[PDB]
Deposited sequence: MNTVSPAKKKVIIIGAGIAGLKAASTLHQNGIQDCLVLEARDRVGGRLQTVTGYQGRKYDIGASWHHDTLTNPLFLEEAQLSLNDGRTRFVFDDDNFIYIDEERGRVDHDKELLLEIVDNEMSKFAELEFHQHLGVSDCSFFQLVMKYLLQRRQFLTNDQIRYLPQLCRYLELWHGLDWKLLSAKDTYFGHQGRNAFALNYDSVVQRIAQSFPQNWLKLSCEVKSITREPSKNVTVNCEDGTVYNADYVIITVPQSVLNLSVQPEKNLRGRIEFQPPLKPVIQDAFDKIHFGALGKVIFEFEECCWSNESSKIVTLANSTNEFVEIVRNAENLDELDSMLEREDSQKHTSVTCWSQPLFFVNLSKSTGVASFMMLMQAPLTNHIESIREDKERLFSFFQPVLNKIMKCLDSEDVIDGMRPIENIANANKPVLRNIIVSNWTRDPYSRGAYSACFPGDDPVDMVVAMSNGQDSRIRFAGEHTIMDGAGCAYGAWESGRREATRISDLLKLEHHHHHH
């Protein structure tokens, strides 16, 4: 009964899609790509909004364009057909405080400058020196303020910590949940806003046999018969046999495997269960929750000075006073515990003014955990969403020379037509955005256990399974290429 297959890939995200592509390109046939959703792409998904406008609600950028192999590949194509597949949209950040207004490039505040000194401080804090304890990003910032208070103005002490939190939008984590050791990292060059990551997804998906793709099939278990064979079971009853399998489900979905209860959507029952090294790696790495909100307006009636805008959370002069009077990190903690609801100003938010970079009168906004989890939970209540983001949307329009926003969801004033929201934390085949470090996490344990496979036949691919480009679309891509190559060679020696 079990139909024979050379290789069976679980998940049609970019890792799985590139693993299949690699296999076909290497002359391997009789393979399959099992995907639980009714589409390919995984965390790469482009959606349609007001008037046919398109937005990437998952990944949006090609990072590290200096080294990024996926980007380079895409750039080569565009060098021939002259087609526009991406656009370099890095720009000078505009920072907005609710009270003070724009604080970027300010001749008195000089925030970007002290931020740079802070990064250096963090680097001098962990780089080189072995054995330093980890601690949260927030605690790292307080330590910086404490040690350098003699060289900072009251305004810098107040607004710097809030401006530094834009890093929260790189991890999808609040600074008190984020590992200080993982916060900073060098970007290998400018980023490139993909103009349809779906275009990248379809190009790869289409580079191999289409009857290889099986959508809407949710894998529920994988068994290794200690006799060169692997049994896979789709929920739709079908059973398969294969020499090899490449598992590319999110680290969060795979986690479900090391816990009791098998009736969880997306969970895969492994027999034998995943090795202890893999099991144990889950206690040393976690998952962040970066989310997106697409604010679509009728037309562009605001300044297009920049395509990057960050709204700072609220700060107070009281905080400055506490920093001035604290004797040590211990007292600052005590004094800081000063005693109410969560508003659009309770945390930083990162806005992408697509008007300037793509010409579309819309804003792409990034949010972090825990806000992401609350906002996605009420993803349906548009009225409530507008109320929540109304004050910061207004403050932006002010700073960008415009009037308060008008709710046109059902000539001189910005009219909001639609609001789109990500759903990654509530989606069972997602359960979050991507791998992230809580203080104490060592991503290396997971990368090592994943790339060494459960055994010779059961392998892993995905953004959480590799070092360079970890968490990125291109890293997931490379991992796909990594596992398919190892298998092509092995089979090649058949």
Exercise for the section: Where the model has no C-alpha, note the corresponding stretch of the deposited sequence, numbering from 1. Expected result: 1 to 4, 344 to 348, 420 to 426, 511 to 516
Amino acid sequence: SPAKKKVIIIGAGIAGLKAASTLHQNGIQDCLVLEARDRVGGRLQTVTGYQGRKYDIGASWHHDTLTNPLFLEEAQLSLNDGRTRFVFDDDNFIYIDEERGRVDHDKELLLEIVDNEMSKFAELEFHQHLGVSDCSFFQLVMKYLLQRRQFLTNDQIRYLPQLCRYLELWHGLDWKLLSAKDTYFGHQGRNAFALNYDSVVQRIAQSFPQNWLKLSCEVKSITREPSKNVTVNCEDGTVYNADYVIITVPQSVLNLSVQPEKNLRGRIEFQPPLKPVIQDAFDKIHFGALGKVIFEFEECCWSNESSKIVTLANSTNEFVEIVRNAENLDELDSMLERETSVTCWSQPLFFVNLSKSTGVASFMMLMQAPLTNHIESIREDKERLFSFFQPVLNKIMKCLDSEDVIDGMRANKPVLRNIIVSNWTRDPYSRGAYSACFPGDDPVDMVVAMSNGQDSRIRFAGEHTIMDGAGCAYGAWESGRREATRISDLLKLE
From here on, numbers count along this sequence of modelled residues.
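Here, rigid core means the biggest group of C-alpha atoms that superpose within 1.5 Å across both forms.
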Fill in the blank from the handout: Comparing 427 to 435 to 45 to 53 by root mean square Cα deviation from the shown form in 9 other deposited structures of this protein, core aligned, the larger deviation is found at 427 to 435
Exercise for the section: Rigid core fitted first, then name the stretch among 283 to 291 and 104 to 112 whose C-alphas deviate most from the displayed form in 9 other deposited structures of this protein. Expected result: 283 to 291
Exercise for the section: Would you mind checking whether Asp174 is unresolved in the model of at least a third of the other PDB entries compared? Expected result: no
Handout entry: Test item: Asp90 lacks coordinates in at least a third of other entries
Key = no
Problem - Mean Cα B-factor comparison, 68 to 76 or 230 to 238, giving the higher one as deposited - result: 230 to 238
Exercise for the section: Read off the CA B-factors in the entry, average them over 134 to 142 and over 392 to 400, and name the higher stretch. Expected result: 392 to 400
Handout entry: Member of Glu225, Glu168, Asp89, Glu117 with the greatest C-alpha B factor (per the PDB record)
Key = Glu225
Fill in the blank from the handout: Per the deposited entry, the peak Cα B-factor within the set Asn328, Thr248, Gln150, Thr372 goes to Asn328
Problem - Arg267 - which third its CA temperature factor falls in, relative to the rest of the chain - result: middle
Handout entry: Lowest, middle or highest third - CA B-factor, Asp104
Key = middle
Exercise for the section: Going by the recorded CA B-factors, say which third of the chain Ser334 sits in, lowest, middle or highest. Expected result: highest
Completion exercise
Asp174: CA temperature factor from the record, placed by chain third, in the lowest
Handout entry: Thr425 by Cα B-factor - lowest, middle or highest third of the modelled chain
Key = lowest
